[PDB]
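Single chain ahead, written as structure tokens, the form deposited in one PDB entry.
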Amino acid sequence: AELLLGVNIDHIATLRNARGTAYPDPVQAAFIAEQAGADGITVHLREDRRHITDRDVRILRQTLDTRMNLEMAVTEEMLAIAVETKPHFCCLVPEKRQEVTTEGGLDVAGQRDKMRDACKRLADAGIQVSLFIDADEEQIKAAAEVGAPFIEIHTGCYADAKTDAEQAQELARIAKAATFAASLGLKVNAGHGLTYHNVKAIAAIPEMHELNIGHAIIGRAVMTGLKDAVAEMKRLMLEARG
């Protein structure tokens, strides 16, 4: 069916938090996005609450007209929050307290029991889990074995390719990994580093269910405003599939 767009509004809070003011408010960015092409909203509640905060999640949970996709690290604090919050989607990601952003898929194959616990735990609460991982068969077989219904392939390496050949190489690895994951019964998403200029190649991949894009959109938004930024990204996505 229709490829979907998950808009990550973390960086609205990044701008807010830089100053300690109330604006810009993620809650406003969520309404705009949801009416301009976003099929869902994503927020990464970082342990260090760098950008998205507890009030953000709490108020958003009440105001989203679509659904929340809560991104989080695998810890007891977070699992308890997710269970209490009951987001529709949950994407487990690797975290370091002071990293710039995310860059290593989640190491599922290496923490199989931790993840297995997380997946069972969140599902019991009625949350659909997605594991943020690398276009790596080892990590994918592990996500499947562990029970997760969704995986989201890290498109970072593709987005940072330094040459056209290097980019084609990564693209191919993502497409193969997508087909591979699907053959194991997993639904697959993608995201991170996706921009207005490299999104179509990823959107074209058939197995892709939803693309989670954040930074590039907010980066376009300061110039053109969120509404147009979201609608334009969505248009590019639908074009890639037609």
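Residue numbers run from 1 along the displayed sequence. Rigid core here is just the name for the largest C-alpha set that superposes within 1.5 Å across the two forms. Shifts are known only where both forms have a C-alpha.
Note that the form deposited in another entry isn't included here; everything after this is about it.
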Can you tell which residue in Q128, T101, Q167, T85 has its CA shifted by 2 Å or more between the shown form and the other one when the core is superposed? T101
Could you tell me whether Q98 and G214 have their C-alpha atoms closer or farther apart in the other entry than in the shown form, knowing the shift is 3 angstroms or more? farther
Relative to the form shown here, do the C-alpha atoms of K162 and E99 sit closer together or farther apart in the other entry, given a change of 3 Å or more? farther
Residue ranges moving between the shown form and the other one (criterion: at least three consecutive CA positions shifted 2 angstroms or more, core aligned): 96-103
